[PDB]
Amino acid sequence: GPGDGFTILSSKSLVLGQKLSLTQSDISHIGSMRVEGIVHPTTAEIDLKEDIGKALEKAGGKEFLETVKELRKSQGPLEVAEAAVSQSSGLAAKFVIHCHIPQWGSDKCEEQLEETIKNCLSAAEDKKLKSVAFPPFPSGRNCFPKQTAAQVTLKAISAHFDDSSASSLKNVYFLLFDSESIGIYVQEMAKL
């Protein structure tokens, strides 16, 4: 499991047996999380000014900022829905999977979020990861309501495992920090 510091709040197992787990911890514990790939929701430029970026950057130090800087020139700007992977020596996670999340209210923004999440799982499988964690999506000006984000992301994950051939992914974790968020995800996960 994700190990000391991480509580499994709730769990659902999908039709092909992949397990979805709601987990809680302190942001500050992110770089000890025992999962093979962590998702970093971000912008085209792959910034690290949000709570998760900050914690991954602090945990990963110089080597990590360096690996990110290089990726922006290597690949970016990331198109909307695109994911790209950093090696993350210094974390328990083998890789961080950056992804460009669309803005709330854009054209077919729900369908683009869904492509985003699928592209995150694709990138995890391409690296043959056995587990991946999704932290909380951002909130504010141009951000998805929590309801809709939980709804789409859950829907994308199951659809992905339907369409995917021989996924290495057995465990998908949702990192959650607040009660309202925890509650919403539980509500949506019950729609099964």
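One-based numbering along the sequence shown.
S.K.: Take the C-alpha B-factors listed in the entry for 58-66 and for 153-161, compute each mean, and give the stretch with the larger one.
M.R.: The recorded data point to 58-66.
S.K.: Per the PDB record, is the mean Cα temperature factor higher over 116-124 or over 103-111?
M.R.: Taking the mean B-factor of the alpha carbons in each, 103-111 is higher.
S.K.: Mind checking which third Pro135 falls in for C-alpha B-factor across the chain?
M.R.: Lowest third of the chain for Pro135's C-alpha B-factor.
S.K.: Against its chain's modelled residues, does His29's Cα B factor rank lowest, middle or highest third?
M.R.: Highest third.
S.K.: Could you place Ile97 in the lowest, middle or highest third of its chain by Cα temperature factor, using the values in the record?
M.R.: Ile97: CA B-factor falls in the lowest third of its chain.
S.K.: Sorting the chain's modelled residues by C-alpha B-factor, tell me whether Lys146 ends up in the lowest, middle or highest third.
M.R.: Its C-alpha B-factor belongs to the middle third of this chain's values.
S.K.: Taking the C-alpha B-factors as the PDB entry records them, is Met189 in the lowest, middle or highest third of its chain?
M.R.: Tercile = lowest for this residue's CA B-factor.
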